[PDB]
Structures are given as structure tokens and as C-alpha cells.
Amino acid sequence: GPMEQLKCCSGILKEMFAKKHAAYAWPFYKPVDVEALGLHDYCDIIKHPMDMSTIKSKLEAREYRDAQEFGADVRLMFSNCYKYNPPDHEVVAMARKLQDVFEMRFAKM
């Protein structure tokens, strides 16, 4: 059922926030801050920013109908990072490490 799916989405998001993953998860906790980080082209390139705290807020107000809408936002958060940055940049490697954790749990839901 859609309800149990979304309980499971909250548990996957919860694990993404856990200390175990903080070494590569920490950039994706909060919305990207273009002023504090000096990314003047960011809102030009990324038309739909996404982050873990926003996904948690959307979850906690059921904006997600099912697991697939949740997953689309998670992948959008990773896509933005892949789209915006050189593929060799540190933050891309970190997003990849976190996505491998997400996709494993998402597949086994």
C-alpha cells in the first residue's frame, strides 16, 4: 500500500541522515546556499533545487503520493549535483556514494 511505502521512504531518508553516512552525506542535508558558497550561476543551471531537509519536509506533509514521487526528488537532488559540477569534483564523488546507499535501500524496499 502507498502508506507503508511512505513509511519506508521516511526510514530510507532517516538512514541517509545517520552518522554512518555523514562523511559523504553532509553537503546534501540542507538546500544549496548560493550566497554563502558563491555559486552565481547555480540558479541559472539548476532550475529545481532539492535537498534532504526539503524532502523530509515534503514527506512530513504528504506531498509525495507514493514511493516513486519520493524517489524522483531524491534522484533530482543527485542529478542537480551531477549536472552542475565537473564530473571529477569531490562533491560528485560524495553524491555517488550517497546515491549507491539510496538506490540499494530503494530497490530492496
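Numbers follow the displayed sequence, beginning with 1. Just so we're on the same page, rigid core means the largest C-alpha set that superposes within 1.5 Å between forms.
Rigid core fits of the other structures in 6 other deposited structures of this protein place the C-alpha atoms of one stretch farther away on average; of 44-52 and 30-38, that stretch is 30-38. In this crystal structure, the stretch out of 59-67 and 72-80 whose C-alpha atoms carry the higher mean B factor is 59-67. Among the modelled residues of its chain, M3 has a C-alpha B-factor that falls in the highest third according to the deposited record. Among the modelled residues of the chain, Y42 sits in the highest third by CA temperature factor in this PDB entry.
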